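Okay, protein.cif now, which holds mmCIF, C-alpha atoms and all ligand atoms:
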```
data_target
#
loop_
_atom_site.group_PDB
_atom_site.id
_atom_site.type_symbol
_atom_site.label_atom_id
_atom_site.label_comp_id
_atom_site.auth_asym_id
_atom_site.auth_seq_id
_atom_site.Cartn_x
_atom_site.Cartn_y
_atom_site.Cartn_z
ATOM 1 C CA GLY F 13 -3.439 -16.700 -3.148
ATOM 2 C CA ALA F 14 -3.443 -13.238 -1.710
ATOM 3 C CA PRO F 15 -3.293 -11.121 -4.948
ATOM 4 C CA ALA F 16 -6.091 -13.160 -6.578
ATOM 5 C CA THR F 17 -8.187 -12.948 -3.412
ATOM 6 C CA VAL F 18 -7.917 -9.165 -3.545
ATOM 7 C CA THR F 19 -8.919 -9.208 -7.241
ATOM 8 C CA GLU F 20 -12.000 -11.222 -6.382
ATOM 9 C CA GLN F 21 -13.006 -9.808 -3.002
ATOM 10 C CA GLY F 22 -11.335 -6.495 -2.383
ATOM 11 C CA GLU F 23 -13.091 -3.147 -2.067
ATOM 12 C CA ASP F 24 -12.350 -0.470 -4.694
ATOM 13 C CA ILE F 25 -11.088 2.488 -2.660
ATOM 14 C CA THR F 26 -10.443 4.783 -5.704
ATOM 15 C CA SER F 27 -12.425 8.038 -6.169
ATOM 16 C CA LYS F 28 -12.821 7.211 -9.842
ATOM 17 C CA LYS F 29 -14.049 3.668 -9.047
ATOM 18 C CA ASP F 30 -11.637 2.321 -11.682
ATOM 19 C CA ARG F 31 -10.518 -0.647 -9.470
ATOM 20 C CA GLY F 32 -7.027 0.868 -9.541
ATOM 21 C CA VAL F 33 -6.631 0.238 -5.801
ATOM 22 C CA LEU F 34 -8.337 -2.774 -4.198
ATOM 23 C CA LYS F 35 -8.271 -3.455 -0.423
ATOM 24 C CA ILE F 36 -9.035 -6.217 2.037
ATOM 25 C CA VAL F 37 -8.740 -5.633 5.744
ATOM 26 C CA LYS F 38 -6.856 -8.636 7.123
ATOM 27 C CA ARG F 39 -6.647 -7.590 10.782
ATOM 28 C CA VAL F 40 -8.803 -4.879 12.359
ATOM 29 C CA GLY F 41 -7.203 -1.824 13.997
ATOM 30 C CA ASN F 42 -8.263 0.336 16.968
ATOM 31 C CA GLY F 43 -10.403 3.453 17.137
ATOM 32 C CA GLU F 44 -12.445 5.224 14.475
ATOM 33 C CA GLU F 45 -9.704 7.716 13.404
ATOM 34 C CA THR F 46 -7.788 7.380 10.142
ATOM 35 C CA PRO F 47 -4.901 9.692 9.241
ATOM 36 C CA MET F 48 -5.403 13.105 7.702
ATOM 37 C CA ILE F 49 -3.319 14.274 4.772
ATOM 38 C CA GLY F 50 -0.050 15.643 6.144
ATOM 39 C CA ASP F 51 0.109 13.212 9.104
ATOM 40 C CA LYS F 52 3.467 11.473 9.643
ATOM 41 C CA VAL F 53 2.737 7.759 9.248
ATOM 42 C CA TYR F 54 4.536 4.623 10.445
ATOM 43 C CA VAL F 55 4.105 1.187 8.794
ATOM 44 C CA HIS F 56 5.575 -2.256 8.279
ATOM 45 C CA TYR F 57 5.041 -3.729 4.799
ATOM 46 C CA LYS F 58 5.711 -6.677 2.538
ATOM 47 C CA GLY F 59 5.403 -6.004 -1.177
ATOM 48 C CA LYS F 60 5.868 -7.753 -4.472
ATOM 49 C CA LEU F 61 5.031 -7.657 -8.133
ATOM 50 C CA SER F 62 1.704 -9.404 -8.710
ATOM 51 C CA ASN F 63 3.731 -11.859 -10.873
ATOM 52 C CA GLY F 64 5.316 -12.678 -7.488
ATOM 53 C CA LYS F 65 8.799 -12.419 -8.985
ATOM 54 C CA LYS F 66 10.303 -9.687 -6.708
ATOM 55 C CA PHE F 67 9.515 -9.423 -2.946
ATOM 56 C CA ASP F 68 10.430 -6.465 -0.718
ATOM 57 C CA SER F 69 10.018 -5.872 3.002
ATOM 58 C CA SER F 70 10.458 -3.172 5.629
ATOM 59 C CA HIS F 71 11.749 -6.040 7.818
ATOM 60 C CA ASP F 72 14.754 -6.149 5.461
ATOM 61 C CA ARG F 73 15.297 -2.588 6.832
ATOM 62 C CA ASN F 74 14.769 -3.926 10.398
ATOM 63 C CA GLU F 75 12.774 -0.711 11.100
ATOM 64 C CA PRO F 76 9.352 0.870 10.303
ATOM 65 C CA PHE F 77 8.871 2.768 7.043
ATOM 66 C CA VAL F 78 7.979 6.397 7.689
ATOM 67 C CA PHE F 79 6.388 8.982 5.384
ATOM 68 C CA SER F 80 4.039 12.000 5.337
ATOM 69 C CA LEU F 81 0.627 11.055 4.009
ATOM 70 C CA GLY F 82 -0.765 12.518 0.807
ATOM 71 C CA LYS F 83 2.434 14.473 -0.030
ATOM 72 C CA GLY F 84 3.314 12.134 -2.948
ATOM 73 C CA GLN F 85 6.383 10.752 -1.079
ATOM 74 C CA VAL F 86 5.026 7.281 -1.972
ATOM 75 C CA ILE F 87 3.036 5.855 -4.891
ATOM 76 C CA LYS F 88 -0.546 7.172 -5.254
ATOM 77 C CA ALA F 89 -1.991 3.822 -4.068
ATOM 78 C CA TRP F 90 -0.284 4.134 -0.689
ATOM 79 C CA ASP F 91 -1.390 7.769 -0.231
ATOM 80 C CA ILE F 92 -4.937 6.523 -0.977
ATOM 81 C CA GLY F 93 -4.687 3.193 0.861
ATOM 82 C CA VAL F 94 -2.997 4.167 4.095
ATOM 83 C CA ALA F 95 -5.433 7.122 4.443
ATOM 84 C CA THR F 96 -8.195 4.476 4.844
ATOM 85 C CA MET F 97 -6.419 2.549 7.643
ATOM 86 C CA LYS F 98 -6.707 2.586 11.455
ATOM 87 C CA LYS F 99 -3.740 2.236 13.876
ATOM 88 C CA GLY F 100 -2.974 -1.487 14.243
ATOM 89 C CA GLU F 101 -4.819 -2.418 11.020
ATOM 90 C CA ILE F 102 -3.273 -4.834 8.539
ATOM 91 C CA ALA F 103 -4.493 -4.645 4.962
ATOM 92 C CA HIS F 104 -3.819 -6.144 1.567
ATOM 93 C CA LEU F 105 -3.695 -3.783 -1.464
ATOM 94 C CA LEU F 106 -3.628 -4.726 -5.119
ATOM 95 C CA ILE F 107 -2.595 -1.865 -7.374
ATOM 96 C CA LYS F 108 -2.905 -1.232 -11.089
ATOM 97 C CA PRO F 109 -0.009 0.600 -12.788
ATOM 98 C CA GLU F 110 -1.937 3.893 -12.880
ATOM 99 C CA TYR F 111 -1.678 4.094 -9.059
ATOM 100 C CA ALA F 112 1.927 2.799 -8.927
ATOM 101 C CA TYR F 113 4.663 3.245 -11.554
ATOM 102 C CA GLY F 114 2.641 3.488 -14.727
ATOM 103 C CA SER F 115 3.641 2.723 -18.305
ATOM 104 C CA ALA F 116 7.070 4.218 -17.690
ATOM 105 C CA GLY F 117 7.793 1.850 -14.822
ATOM 106 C CA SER F 118 10.851 2.265 -12.621
ATOM 107 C CA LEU F 119 13.641 0.052 -13.881
ATOM 108 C CA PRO F 120 15.341 -2.058 -12.909
ATOM 109 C CA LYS F 121 13.004 -2.790 -9.986
ATOM 110 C CA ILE F 122 9.657 -2.207 -11.649
ATOM 111 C CA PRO F 123 8.741 -3.048 -15.287
ATOM 112 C CA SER F 124 6.340 -1.081 -17.446
ATOM 113 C CA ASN F 125 2.676 -1.552 -16.557
ATOM 114 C CA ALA F 126 3.340 -3.540 -13.355
ATOM 115 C CA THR F 127 0.545 -4.554 -10.965
ATOM 116 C CA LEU F 128 1.800 -4.495 -7.338
ATOM 117 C CA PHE F 129 0.589 -6.251 -4.173
ATOM 118 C CA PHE F 130 1.237 -5.195 -0.596
ATOM 119 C CA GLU F 131 0.511 -6.310 2.916
ATOM 120 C CA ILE F 132 0.695 -3.207 5.098
ATOM 121 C CA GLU F 133 0.446 -2.810 8.857
ATOM 122 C CA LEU F 134 -0.252 0.718 10.116
ATOM 123 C CA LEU F 135 1.714 1.064 13.359
ATOM 124 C CA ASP F 136 1.065 4.714 14.181
ATOM 125 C CA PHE F 137 0.313 8.169 12.797
ATOM 126 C CA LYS F 138 1.047 11.619 14.266
ATOM 127 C CA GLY F 139 0.130 15.190 13.256
ATOM 128 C CA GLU F 140 2.807 17.310 11.562
HETATM 129 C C1 LIG F 201 10.935 1.948 -7.328
HETATM 130 O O1 LIG F 201 11.945 1.762 -6.328
HETATM 131 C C2 LIG F 201 11.629 0.988 -5.241
HETATM 132 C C3 LIG F 201 10.379 0.453 -4.957
HETATM 133 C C4 LIG F 201 10.173 -0.251 -3.776
HETATM 134 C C5 LIG F 201 11.248 -0.467 -2.919
HETATM 135 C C6 LIG F 201 12.475 0.127 -3.159
HETATM 136 O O2 LIG F 201 13.554 0.016 -2.324
HETATM 137 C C7 LIG F 201 13.299 -0.494 -1.011
HETATM 138 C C8 LIG F 201 12.676 0.848 -4.331
HETATM 139 O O3 LIG F 201 13.850 1.479 -4.700
HETATM 140 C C9 LIG F 201 14.470 2.490 -3.888
HETATM 141 C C10 LIG F 201 13.517 3.299 -3.032
HETATM 142 C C11 LIG F 201 12.553 4.160 -3.820
HETATM 143 O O4 LIG F 201 11.243 4.108 -3.211
HETATM 144 C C12 LIG F 201 10.230 4.118 -4.214
HETATM 145 C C13 LIG F 201 8.936 4.584 -3.582
HETATM 146 C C14 LIG F 201 8.986 5.532 -2.397
HETATM 147 O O5 LIG F 201 8.299 3.350 -3.136
HETATM 148 C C15 LIG F 201 6.959 3.354 -3.023
HETATM 149 O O6 LIG F 201 6.291 4.342 -3.140
HETATM 150 C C16 LIG F 201 6.395 1.957 -2.721
HETATM 151 C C17 LIG F 201 5.525 2.018 -1.466
HETATM 152 C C18 LIG F 201 6.396 2.295 -0.231
HETATM 153 C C19 LIG F 201 7.378 1.151 -0.018
HETATM 154 C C20 LIG F 201 8.287 0.981 -1.266
HETATM 155 N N1 LIG F 201 7.481 0.958 -2.555
HETATM 156 C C21 LIG F 201 7.745 0.118 -3.583
HETATM 157 O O7 LIG F 201 7.153 0.257 -4.655
HETATM 158 C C22 LIG F 201 8.860 -0.940 -3.486
HETATM 159 C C23 LIG F 201 8.575 -2.118 -4.459
HETATM 160 C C24 LIG F 201 9.762 -3.069 -4.665
HETATM 161 C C25 LIG F 201 9.428 -4.377 -5.433
HETATM 162 C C26 LIG F 201 8.100 -5.035 -5.135
HETATM 163 C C27 LIG F 201 7.001 -4.041 -4.965
HETATM 164 C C28 LIG F 201 7.374 -2.925 -3.991
#
```
Output the file's structure as structure tokens, nothing else.
Amino acid sequence: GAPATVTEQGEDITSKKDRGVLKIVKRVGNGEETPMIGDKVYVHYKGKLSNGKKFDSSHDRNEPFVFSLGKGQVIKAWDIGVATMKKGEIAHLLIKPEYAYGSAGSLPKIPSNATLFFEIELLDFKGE
């Protein structure tokens, strides 16, 4: 399913081209503008370990998830991934540990060397 499809078909959006962050656009957004570093950004997301064994959702917060892009308030893969997205876009990301929680992990939620998958919808972004 979705994680495997990203492995097979997703675009490598890393600078290093190390396949650390792979993307598929699932639904196209509007306009040509993507957010600049420092923009305040608004998303809905569904995430899980690639194993599929934990599953987490903004909808469980019954509210959008808000953060400032490229300020390291989220894992590297989101700073990288959301920067590529247009308002209204929905994308799938598959993320090696180097762009997420690394060999240290983040217990108890995230084991060492975890690959993560997300479906993200970019709702809006606004200048600081
Ligand atoms: C590692 O701790 C969590 C990870 C995630 C959800 C959590 O609670 C809802 C977590 O604990 C408390 C909040 C800390 O926030 C971490 C950081 C901001 O999160 C991130 O960068 C990324 C991307 C933004 C949404 C949250 N996300 C996560 O890694 C989730 C993961 C939970 C389990 C499946 C994969 C997503």
If we count all atoms listed in the file and set the cut-off at 8 Å, which residues sit around segment 80-85 of chain F, ignoring sequence neighbours fewer than 2 positions away in its own chain? Please answer as a ChimeraX atom specification. /F:47-53,78,87-88,91-92,94-95
Exercise answer, 10 Å around ligand LIG 201 (chain F) with all atoms listed in the file, as a PDB file with C-alpha atoms, keeping the file's coordinate frame:
```
ATOM      1  CA  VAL F  55       4.105   1.187   8.794  1.00  0.00           C
ATOM      2  CA  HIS F  56       5.575  -2.256   8.279  1.00  0.00           C
ATOM      3  CA  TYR F  57       5.041  -3.729   4.799  1.00  0.00           C
ATOM      4  CA  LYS F  58       5.711  -6.677   2.538  1.00  0.00           C
ATOM      5  CA  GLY F  59       5.403  -6.004  -1.177  1.00  0.00           C
ATOM      6  CA  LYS F  60       5.868  -7.753  -4.472  1.00  0.00           C
ATOM      7  CA  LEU F  61       5.031  -7.657  -8.133  1.00  0.00           C
ATOM      8  CA  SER F  62       1.704  -9.404  -8.710  1.00  0.00           C
ATOM      9  CA  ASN F  63       3.731 -11.859 -10.873  1.00  0.00           C
ATOM     10  CA  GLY F  64       5.316 -12.678  -7.488  1.00  0.00           C
ATOM     11  CA  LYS F  65       8.799 -12.419  -8.985  1.00  0.00           C
ATOM     12  CA  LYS F  66      10.303  -9.687  -6.708  1.00  0.00           C
ATOM     13  CA  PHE F  67       9.515  -9.423  -2.946  1.00  0.00           C
ATOM     14  CA  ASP F  68      10.430  -6.465  -0.718  1.00  0.00           C
ATOM     15  CA  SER F  69      10.018  -5.872   3.002  1.00  0.00           C
ATOM     16  CA  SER F  70      10.458  -3.172   5.629  1.00  0.00           C
ATOM     17  CA  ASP F  72      14.754  -6.149   5.461  1.00  0.00           C
ATOM     18  CA  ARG F  73      15.297  -2.588   6.832  1.00  0.00           C
ATOM     19  CA  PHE F  77       8.871   2.768   7.043  1.00  0.00           C
ATOM     20  CA  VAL F  78       7.979   6.397   7.689  1.00  0.00           C
ATOM     21  CA  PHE F  79       6.388   8.982   5.384  1.00  0.00           C
ATOM     22  CA  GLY F  84       3.314  12.134  -2.948  1.00  0.00           C
ATOM     23  CA  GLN F  85       6.383  10.752  -1.079  1.00  0.00           C
ATOM     24  CA  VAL F  86       5.026   7.281  -1.972  1.00  0.00           C
ATOM     25  CA  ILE F  87       3.036   5.855  -4.891  1.00  0.00           C
ATOM     26  CA  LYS F  88      -0.546   7.172  -5.254  1.00  0.00           C
ATOM     27  CA  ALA F  89      -1.991   3.822  -4.068  1.00  0.00           C
ATOM     28  CA  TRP F  90      -0.284   4.134  -0.689  1.00  0.00           C
ATOM     29  CA  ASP F  91      -1.390   7.769  -0.231  1.00  0.00           C
ATOM     30  CA  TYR F 111      -1.678   4.094  -9.059  1.00  0.00           C
ATOM     31  CA  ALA F 112       1.927   2.799  -8.927  1.00  0.00           C
ATOM     32  CA  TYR F 113       4.663   3.245 -11.554  1.00  0.00           C
ATOM     33  CA  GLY F 117       7.793   1.850 -14.822  1.00  0.00           C
ATOM     34  CA  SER F 118      10.851   2.265 -12.621  1.00  0.00           C
ATOM     35  CA  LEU F 119      13.641   0.052 -13.881  1.00  0.00           C
ATOM     36  CA  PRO F 120      15.341  -2.058 -12.909  1.00  0.00           C
ATOM     37  CA  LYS F 121      13.004  -2.790  -9.986  1.00  0.00           C
ATOM     38  CA  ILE F 122       9.657  -2.207 -11.649  1.00  0.00           C
ATOM     39  CA  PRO F 123       8.741  -3.048 -15.287  1.00  0.00           C
ATOM     40  CA  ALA F 126       3.340  -3.540 -13.355  1.00  0.00           C
ATOM     41  CA  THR F 127       0.545  -4.554 -10.965  1.00  0.00           C
ATOM     42  CA  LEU F 128       1.800  -4.495  -7.338  1.00  0.00           C
ATOM     43  CA  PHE F 129       0.589  -6.251  -4.173  1.00  0.00           C
ATOM     44  CA  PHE F 130       1.237  -5.195  -0.596  1.00  0.00           C
ATOM     45  CA  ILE F 132       0.695  -3.207   5.098  1.00  0.00           C
TER      46      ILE F 132
END
```
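Nearest residue to residue 17 of chain F among F:40, F:104, F:96, F:75 is F:104, counting only C-alpha atoms.
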Might I get the box with edges along x, y and z of the file that holds all atoms of segment 53-66 of chain F listed there, padded by 4 Å on every side, given as centre and edge lengths in Å to one decimal, as lines of an AutoDock Vina configuration file?
```
center_x = 6.0
center_y = -2.5
center_z = -0.2
size_x = 16.6
size_y = 28.4
size_z = 29.3
```
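The spacing separating atom CA of residue 20 of chain F from atom CA of residue 34 of chain F amounts to 9.5 Å.
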Between atom CA of residue 115 of chain F and atom CA of residue 37 of chain F, measure the distance and give it in Å to one decimal.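 The value is 28.3 Å.
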If I take atom CA of residue 39 of chain F and atom CA of residue 100 of chain F, how far is one from the other in Å, to one decimal?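 Going from atom CA of residue 39 of chain F over to atom CA of residue 100 of chain F, I get 7.9 Å.
The nearest approach to residue 46 of chain F among the residues F:138, F:71, F:28, F:108, with only C-alpha atoms taken into account, belongs to F:138.
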If we count only C-alpha atoms, what is near residue 101 of chain F at a cut-off of 6 Å, once residues fewer than 2 positions away on the same chain are taken out, given as a ChimeraX atom specification? /F:39-41,98-99,133-134
With distances taken over all atoms listed in the file, which residue among F:110, F:137, F:15, F:97 lies nearest residue 124 of chain F?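 Counting all atoms listed in the file, the residue closest to residue 124 of chain F is F:110.
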